[PDB]
């Protein structure tokens, strides 16, 4: 009662990430965090979203978890509509194309994500909604 909401923390972390040029706000419980920029599905405004860092050979994966909620985070719809995103990993920023993965291809990235953030597994057991995963490829 009177404490900030999980959404307030997320906003604050994003802000710190931006103000600091990727030097602060890059961690959550000692695990690395990236900053995603998406284009609003409806408004066309830039939205900043801290997410866990899941990386393999220059590609990143992002997970639309929101704890184990019934409904996807709003940013999920931004990525689907506008797959050109920006991902900042510490001081390094790049543009990427995002592609939702399914089945066996997803299970690969899902395992890599759980290795970074074990709670993802627990999130999935809390809900029948299949937690989306996108794979991000640098533009070349």
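Positions refer to the first chain, counted from 1.
Q. With respect to the recorded C-alpha B factors, which stretch has the higher mean value, 46-54 or 24-32?
A. Looking at the recorded C-alpha B-factors, 24-32 comes out higher on average.
Q.
I need to verify one thing: averaged over C-alpha atoms only, is the B-factor higher for 89-97 or for 111-119?
A. The stretch with the larger average C-alpha B-factor is 111-119.
Q: Just grab whichever of 39, 80, 61, 69 has the top CA B-factor as deposited.
A: That would be 69, according to the entry.
Q) If you rank the chain by CA B-factor, which third does residue 136 end up in: lowest, middle or highest? A) Residue 136: CA B-factor falls in the lowest third of its chain.
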